[PDB]
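First up is the structure itself, then whatever we jot down about it.
Heads up, the Cβs are rebuilt from the backbone with ideal geometry, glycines too, and the neighbour counts pull from every protein chain shown. Just so it is clear, none of the values below were taken in a lab; they were calculated from the coordinates.
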Amino acid sequence: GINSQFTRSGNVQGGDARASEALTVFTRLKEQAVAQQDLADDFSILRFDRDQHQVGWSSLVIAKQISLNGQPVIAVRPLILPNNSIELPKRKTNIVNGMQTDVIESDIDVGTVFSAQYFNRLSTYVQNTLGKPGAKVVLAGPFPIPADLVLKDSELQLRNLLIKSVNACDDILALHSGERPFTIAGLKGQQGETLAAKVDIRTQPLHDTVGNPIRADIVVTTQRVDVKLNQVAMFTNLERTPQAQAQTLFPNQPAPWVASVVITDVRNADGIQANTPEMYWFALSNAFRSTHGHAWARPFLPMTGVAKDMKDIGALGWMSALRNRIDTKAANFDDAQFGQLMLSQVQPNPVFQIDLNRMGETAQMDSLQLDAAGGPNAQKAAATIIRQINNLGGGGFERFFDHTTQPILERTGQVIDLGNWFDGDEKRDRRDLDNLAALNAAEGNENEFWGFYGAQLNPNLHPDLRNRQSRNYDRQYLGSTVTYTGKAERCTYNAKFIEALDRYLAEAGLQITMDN
Amino acid sequence: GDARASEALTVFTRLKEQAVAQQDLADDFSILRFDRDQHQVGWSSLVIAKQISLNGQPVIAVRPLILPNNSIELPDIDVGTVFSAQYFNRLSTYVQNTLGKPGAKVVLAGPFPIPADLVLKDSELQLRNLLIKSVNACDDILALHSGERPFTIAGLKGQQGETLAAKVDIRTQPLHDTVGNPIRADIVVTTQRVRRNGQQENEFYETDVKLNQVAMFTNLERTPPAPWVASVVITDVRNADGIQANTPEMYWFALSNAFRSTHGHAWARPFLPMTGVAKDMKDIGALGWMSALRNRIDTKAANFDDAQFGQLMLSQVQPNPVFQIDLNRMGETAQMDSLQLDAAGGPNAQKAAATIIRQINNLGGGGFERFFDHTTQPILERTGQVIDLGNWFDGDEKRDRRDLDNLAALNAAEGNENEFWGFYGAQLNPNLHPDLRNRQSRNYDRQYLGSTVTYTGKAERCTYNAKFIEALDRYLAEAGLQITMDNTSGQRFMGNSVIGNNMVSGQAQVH
């Protein structure tokens, strides 16, 4: 280089600030926890400087270091530490318009940093540090640390994150060890303590293990008889089919909207500690129950005296045979008239989809879902998912349908970015923009709403341009204080998949009763 | 008595003790305390000493660290005025006798005044950065006054086939120098090398490729065509953190980089409204108050699109930007800005021109005399402005006092007359003593923005010669610097823009 050309008698800056603080606080928390017998000291925490290995983001790893069957095996869980001080170079793409060309520069998320080369470098680093070059390396699901967090004032959440990380490492190591899978037959016993569902509606968002908010309008949960089993949090979105609008301009001698349910959080119970595929599917089975009594339409019911311009059903007036916002806030806000309005505005059957996260708290399990919907490793993922479902059920799940005949889920080629925004006192998830809220904010102006919808969905537009337009529209609404954390891909389950999974669970034993 | 000097000495000795761990730098310097009590002198100081005896005759080098105080009488003298002539003479005597080696020279390696408002108890890393940069500059100046190979264009290649590139970034958060003082900067031009080896074994790794960055903003002056004339004021000229040596060639490379903004009208980008923000005092609509109609254009509305904006510019501001620069007498590059300040005109103007010509020619070796001489015309002219560096706090952060330009004053004071022109006159007038206009400018600064503003130092604005920068760029191009651009500035057709060239005015008038 040129710094060594002159050999000046001075060294400025270090190039690493947050990693040292994180290592110190993590060592302090580990020592405090092991002092009072909270965690076994068998596991170790390491450090991975970004400069010393030519990597984008410095991420510290958690390792268990337990062998198996006489051969060495290592299980590692990453923990990325993005830093605002260091800004890695952006990504440039070229778009041709007319005769001219333009360059769009887009920021680099945390998902794109965790490349295969990064995994290989971390694997070789941990192999060299732990002195077992022949060990087998597995991952329990990398999880970023949000940059807004302050290290000196995050005791409880950091301790909980460490505990969950070591639990996940132990769980993946045990799964490689091949324990006994938990079938539904274990739940049922001599006592007639049948399971139950207490679906509930929420307004304030749920919180991650760190503090990142995630939007959740309806939650479905499983109880015994004190004891909880599952909790699936998800909200409702509306989409417009091209044929419905066609039957509005050019009529002919259905409904103008379709209802979509987006699963966001699929975590198991707080009380339970282990995390296994059978837990994941037993929890996901509850994501279909919300359709009982059309309960998924509960958020669309008018709020108790609260305007909430991001959830006004009057936007349906802007897109209908009639015009103007519907004055639902009058004395005619009764639940019955809302019932006929829903009967004649949206179809009575929903569609299920999930914003699968490549770097969520269950990113290891979401990765299987992404591979099951496309890419080179597709058939093997289908075999794994079907065999996991069979192990859960214990019966002939292949009879209900064949994986090779119909796809498990479709990719749909959409990207949803996760973030948070500040309003009033409590922050909310970025994913509150939706389409109904955008239509309410636009208060008409067909062109603006159609442009926003195209910005979210356009097969003929470059993905980077679509992301930039979505970011611009996000900044336009709900203020200009949005902060982005990660990226997720939205994929829709096939109807037959759930329609057979719930039936198979019922055949194999489903002792749940709900009232609505 | 002077607790500030004592605490500064103690904290810097503690940093020295924690820095001799061999983890950085080397033990070759010393720290001296020149307080007001010892000598008949004003401000106190904490100076550095580094002794080198090339060809015998040891030459002691210093970089005074002025120590302003907020608990004693000021003598409204500023940091620049106190260090005029007697401060340096007393400091030279102090370093000559007490060091134990009488009969030495001094170089004044870029004196830097620390802000008085900062408390030193909880500012460890800023002071460590200041100390390391001070020692680095002190050694660097000795790398100049000894006889050494200067930086060249061929050094950019680094004995290999490496290519350079430049880019322009628009920011909102002001840049920060070594100390916590902020500098107004919304256009940063960064020049860095680009690896063309296939981009392998480093995915999304920044490495260290930044050569140098220049930070500048845009000011709108007025004339008695388009009335408003654009102006670009270069504020920060510091090079990238990867390099640790500050040499004249880096400075001239940065100045050459700073010109690469008129391409694509990049200086007009900060004037572009951004959707979703109504922060005011930066909107372009203020020019409407000075147009034929007395109204503000609905800038944030949907009717104001990119094509309409590109109209407002051709209709309103002349499309050629003049280049200004704020020379700092007590800044980061003070030892280098003194050359241009002297070349502005004075007793040493000819010597300054000769040495600056020699310095710029010792960069490419292509004969700068041919492209542009020095006796023919001056290089830069002072505009008479006494603009000064301060700090003002709002929204839970600090910002630089330069944020109040002409456009900001127009936005803040609305379409009213006799007060915007009053502000412009207080900024500069020939027919009045500059002290009164400086007081008026301070009053206006207290008026429009918050009264919590504090003042740190004094600078001097100057304007570069229009064709000198062009000659410099032509030199850099012919010497050989492959610099690549991109982007640059709805698209419905608006006039030919070329048919007006041929008017064939005047008929034949045949008898």
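Does B:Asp236 meet the test of being among the acidic types (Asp, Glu) and within 30 Å of B:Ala286 (Cα to Cα)?
yes
Evaluate the following for B:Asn348: is it in contact with a helix residue (DSSP H, G or I) (Cβ under 7 Å, 6 or more places away or on another chain) and of a type outside the set (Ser, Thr, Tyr)? It would help to see each step written out before you state the result.
Values: in contact with a helix residue (DSSP H, G or I) (Cβ under 7 Å, 6 or more places away or on another chain): yes; of a type outside the set (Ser, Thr, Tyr): yes.
Taking the combined requirement at face value, the residue satisfies it.
For the stretch A:75-104, which residues satisfy the criterion of being of a type in the set (A, V, I, L, M), part of a loop (DSSP other than H, G, I, E, B) and more than 9 Å from chain B (Cβ to nearest Cβ)?
Here is the first cut: in the stretch A:75-104, the residues of a type in the set (A, V, I, L, M) are A:75-76, A:79-81, A:86, A:88, A:95-96, A:99, A:103-104.
Next cut, part of a loop (DSSP other than H, G, I, E, B) only: A:81, A:86, A:88, A:99.
Listed by number, the residues that qualify are A:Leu81, A:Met99.
Residue by residue, here is whether (1) within 30 Å of B:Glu17 (Cβ to Cβ); (2) of a type in the set (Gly, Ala, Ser) holds:
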position: B:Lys133; (1), (2): yes, no
position: B:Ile141; (1), (2): yes, no
position: B:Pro150; (1), (2): no, no
position: B:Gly155; (1), (2): no, yes
position: B:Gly161; (1), (2): no, yes
position: B:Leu164; (1), (2): no, no
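State whether one or more residues within the stretch A:106-124 are touching a strand residue (DSSP E or B) at 6+ places or on another chain (Cβ under 9 Å), under 24 Å from A:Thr24 (Cα atoms) and more than 14 Å from chain B (Cβ to nearest Cβ).
Yes: one or more hits.
Just give me the residues in the stretch A:179-208 being of a type in the set (A, V, I, L, M) and farther than 30 Å from A:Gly305 by Cα, in sequence order. Reasoning before the result, please.
Pass one, the stretch A:179-208, residues of a type in the set (A, V, I, L, M): A:184-185, A:187, A:195-197, A:199, A:201, A:206.
Hits for the stretch A:179-208 are A:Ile184, A:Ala185, A:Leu187, A:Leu195, A:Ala196.
Do you know which residues across the stretch B:236-265 are outside any loop (DSSP other than H, G, I, E, B), on the phi < 0 side of the Ramachandran plot and more than 14 Å from chain A (Cβ to nearest Cβ)? Explain how you work it out, then say what you get.
Restricting attention to the stretch B:236-265, the residues satisfying the condition of being outside any loop (DSSP other than H, G, I, E, B) are B:236, B:239, B:248-258, B:263-265.
Subsequent filtering for residues that are on the phi < 0 side of the Ramachandran plot retains B:236, B:239, B:248-258, B:263.
Across the stretch B:236-265, the qualifying residues are B:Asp236, B:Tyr251, B:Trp252, B:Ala254, B:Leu255, B:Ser256, B:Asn257, B:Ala258, B:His263.
Of all residues in the stretch B:174-189, how many are out of contact with any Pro (no Cβ under 9 Å at 6 or more places or on another chain), more than 11 Å from chain A (Cβ to nearest Cβ) and not acidic (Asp, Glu)? Write out each step before concluding.
Just the residues of the stretch B:174-189 that are out of contact with any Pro (no Cβ under 9 Å at 6 or more places or on another chain), to begin with: B:177-178, B:188-189.
Of the ones still in play, those that are also more than 11 Å from chain A (Cβ to nearest Cβ) are B:177, B:188-189.
The next check asks that each one be not acidic (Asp, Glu); those that pass are B:188-189.
Residues in the stretch B:174-189 being out of contact with any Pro (no Cβ under 9 Å at 6 or more places or on another chain), more than 11 Å from chain A (Cβ to nearest Cβ) and not acidic (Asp, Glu): 2 in total.
Is one or more of the residues making up the stretch B:74-95 within 18 Å of B:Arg4 (Cα to Cα), of a type outside the set (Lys, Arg) and in contact with a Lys or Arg (Cβ under 6 Å, 6 or more places away or on another chain)? Show your work before the answer.
At the first step, the residues of the stretch B:74-95 found to be within 18 Å of B:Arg4 (Cα to Cα) are B:74-75, B:78-79, B:82.
Next, from what is left, pick out any that are of a type outside the set (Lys, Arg): B:74-75, B:78-79, B:82.
In the following step, the residues that additionally are in contact with a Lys or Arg (Cβ under 6 Å, 6 or more places away or on another chain) were identified as B:78.
Scanning the stretch B:74-95, I find at least one residue that is within 18 Å of B:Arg4 (Cα to Cα), of a type outside the set (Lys, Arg) and in contact with a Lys or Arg (Cβ under 6 Å, 6 or more places away or on another chain), so the answer is yes.
If I go through the stretch B:207-250 residue by residue, how many of them are closer than 17 Å to A:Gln5 by Cα and hydroxyl-bearing (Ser, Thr, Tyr)? Walk me through it before giving the result.
Our first condition is that a residue be closer than 17 Å to A:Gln5 by Cα; within the stretch B:207-250, this holds for B:208-212, B:239-250.
Still in the running and hydroxyl-bearing (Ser, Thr, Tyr): B:247.
Summing the residues that are closer than 17 Å to A:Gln5 by Cα and hydroxyl-bearing (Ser, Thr, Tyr) in the stretch B:207-250 gives 1.
Please go through the stretch A:58-74 and give me each residue that is part of a strand (DSSP E or B) and touching a strand residue (DSSP E or B) at 6+ places or on another chain (Cβ under 7 Å), ordered by number. Give the steps one after another, and end with the answer.
To start, the set of residues in the stretch A:58-74 that are part of a strand (DSSP E or B) comprises A:59-63, A:68, A:71, A:73-74.
Passing the criteria: A:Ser59, A:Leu60, A:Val61, A:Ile62, A:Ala63, A:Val73, A:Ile74.
Given the condition of a type outside the set (D, E, K, R), surrounded by fewer than 18 Cβ atoms within 10 Å (Cβ to Cβ) and closer than 20 Å to B:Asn181 by Cβ, answer yes or no: does some residue in the stretch B:393-406 qualify?
Yes, the stretch B:393-406 has at least one match.
Quick one: how many residues across the stretch A:27-47 are part of a helix (DSSP H, G or I) and either within 14 Å of chain B (Cβ to nearest Cβ) or surrounded by 15 or more Cβ atoms within 10 Å (Cβ to Cβ) (or both)? Explain how you work it out, then say what you get.
Taking the stretch A:27-47 as the starting set, the residues that turn out to be part of a helix (DSSP H, G or I) are A:27-35.
With either within 14 Å of chain B (Cβ to nearest Cβ) or surrounded by 15 or more Cβ atoms within 10 Å (Cβ to Cβ) (or both) added as a condition, the list becomes A:29-30, A:33.
Residues flagged as part of a helix (DSSP H, G or I) and either within 14 Å of chain B (Cβ to nearest Cβ) or surrounded by 15 or more Cβ atoms within 10 Å (Cβ to Cβ) (or both) within the stretch A:27-47 amount to 3.
Quick test for you: out of A:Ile95, A:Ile62, A:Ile86, pick the one residue that is surrounded by 13 or more Cβ atoms within 10 Å (Cβ to Cβ) and closer than 27 Å to A:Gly134 by Cα. Outline the logic, then answer.
Details: A:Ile95 fails: closer than 27 Å to A:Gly134 by Cα; A:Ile86 fails: closer than 27 Å to A:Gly134 by Cα.
Selected residue: A:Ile62, the only one of A:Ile95, A:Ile62, A:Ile86 that is surrounded by 13 or more Cβ atoms within 10 Å (Cβ to Cβ) and closer than 27 Å to A:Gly134 by Cα.
Can you tell me which residue is farthest from A:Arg91 (Cα to Cα) among those in the stretch A:464-507 that are of a type in the set (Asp, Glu) and either exposed (fewer than 15 other Cβ atoms within 10 Å of the Cβ) or over 20 Å from the mean Cα position of the chain (by Cα) (or both)? First the steps, then the outcome.
Residues of the stretch A:464-507 of a type in the set (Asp, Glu): A:464, A:474, A:489, A:499, A:502, A:507.
Remaining after also requiring either exposed (fewer than 15 other Cβ atoms within 10 Å of the Cβ) or over 20 Å from the mean Cα position of the chain (by Cα) (or both): A:464, A:499, A:502, A:507.
On the way: A:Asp464: 10, A:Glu499: 42, A:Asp502: 44, A:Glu507: 51 Å.
Residue satisfying both the conditions and the ranking: A:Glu507.
Do we have any residue at all in the stretch A:6-26 that's in contact with a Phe, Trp or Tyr (Cβ under 6 Å, 6 or more places away or on another chain) and either away from chain B (no Cβ under 14 Å) or exposed (fewer than 13 other Cβ atoms within 10 Å of the Cβ) (or both)? Don't jump to the end; show me each part of the working.
In the first step, residues of the stretch A:6-26 are kept if they are in contact with a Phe, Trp or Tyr (Cβ under 6 Å, 6 or more places away or on another chain); the result is none.
No; the residues of the stretch A:6-26 include none that is in contact with a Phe, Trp or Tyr (Cβ under 6 Å, 6 or more places away or on another chain) and either away from chain B (no Cβ under 14 Å) or exposed (fewer than 13 other Cβ atoms within 10 Å of the Cβ) (or both).
Exactly one of (1) touching a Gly at 6+ places or on another chain (Cβ under 9 Å); (2) assigned to a helix (DSSP H, G or I) is unmet by B:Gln359. Its number?
It fails just one condition, (1).
Please go through the stretch A:423-464 and give me each residue that is hydrophobic (A, V, I, L, M, F, W, C) and under 14 Å from A:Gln476 (Cα atoms), ordered by number. Steps first, answer last, please.
So in the stretch A:423-464, the residues hydrophobic (A, V, I, L, M, F, W, C) come out as A:433, A:436-439, A:441-442, A:449-450, A:452, A:455, A:457, A:461.
Once the filter is applied, which keeps residues that are hydrophobic (A, V, I, L, M, F, W, C) and under 14 Å from A:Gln476 (Cα atoms), the stretch A:423-464 yields A:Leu433, A:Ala437, A:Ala438, A:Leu439, A:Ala441, A:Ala442, A:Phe449, A:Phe452, A:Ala455.
Before we move on, is A:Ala441 in a helix (DSSP H, G or I) and surrounded by fewer than 17 Cβ atoms within 10 Å (Cβ to Cβ)? Reasoning before the result, please.
Numbers: in a helix (DSSP H, G or I): yes; surrounded by fewer than 17 Cβ atoms within 10 Å (Cβ to Cβ): no.
Answer is no for this residue.
Could you pull out the residue among B:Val189, B:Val237, B:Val229 that is surrounded by 21 or more Cβ atoms within 10 Å (Cβ to Cβ) and within 29 Å of B:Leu312 (Cβ to Cβ)?
After applying the criteria, what remains is B:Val189.
How many of the residues in the stretch B:125-181 are part of a loop (DSSP other than H, G, I, E, B), under 19 Å from the mean Cα position of the chain (by Cα) and among the aliphatic types (A, V, I, L, M)? Spell out how you get there, then give the answer.
Residues of the stretch B:125-181 that are part of a loop (DSSP other than H, G, I, E, B), as a first pass: B:143-153, B:158-162, B:171-174, B:177-181.
Among the residues that remain, those that are also under 19 Å from the mean Cα position of the chain (by Cα) are: B:171-174, B:177-181.
If we keep only those that are among the aliphatic types (A, V, I, L, M) as well, we get B:179.
Adding up the residues that qualify gives 1.
Run down B:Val453, B:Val510, B:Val498 and say which single residue is in contact with a helix residue (DSSP H, G or I) (Cβ under 9 Å, 6 or more places away or on another chain), more than 14 Å from chain A (Cβ to nearest Cβ) and of a type in the set (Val, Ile, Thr). Even if it seems obvious, please write down each step before you answer.
On the way: B:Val510 fails: in contact with a helix residue (DSSP H, G or I) (Cβ under 9 Å, 6 or more places away or on another chain); B:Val498 fails: in contact with a helix residue (DSSP H, G or I) (Cβ under 9 Å, 6 or more places away or on another chain).
Answer to the selection: B:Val453.
Among residues belonging to the stretch A:462-490 that are touching a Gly at 6+ places or on another chain (Cβ under 9 Å) and among the hydrophobic types (A, V, I, L, M, F, W, C), point out the one that is nearest to the other protein chains (Cβ to nearest Cβ).
By that ranking, first place goes to A:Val482.
Name the one entry in B:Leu211, B:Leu156 that is within 11 Å of chain A (Cβ to nearest Cβ) and under 30 Å from B:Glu124 (Cα atoms).
Details: B:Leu156 fails: under 30 Å from B:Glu124 (Cα atoms).
Being within 11 Å of chain A (Cβ to nearest Cβ) and under 30 Å from B:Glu124 (Cα atoms) holds for just one of B:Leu211, B:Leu156, which is B:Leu211.
Based on this model, can you work out whether A:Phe333 counts as within 32 Å of the chain's Cα centre (by Cα) and either surrounded by 19 or more Cβ atoms within 10 Å (Cβ to Cβ) or farther than 19 Å from A:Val261 by Cα (or both)?
Details: within 32 Å of the chain's Cα centre (by Cα): no; either surrounded by 19 or more Cβ atoms within 10 Å (Cβ to Cβ) or farther than 19 Å from A:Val261 by Cα (or both): yes.
Against the criterion (within 32 Å of the chain's Cα centre (by Cα) and either surrounded by 19 or more Cβ atoms within 10 Å (Cβ to Cβ) or farther than 19 Å from A:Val261 by Cα (or both)), A:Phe333 does not qualify.
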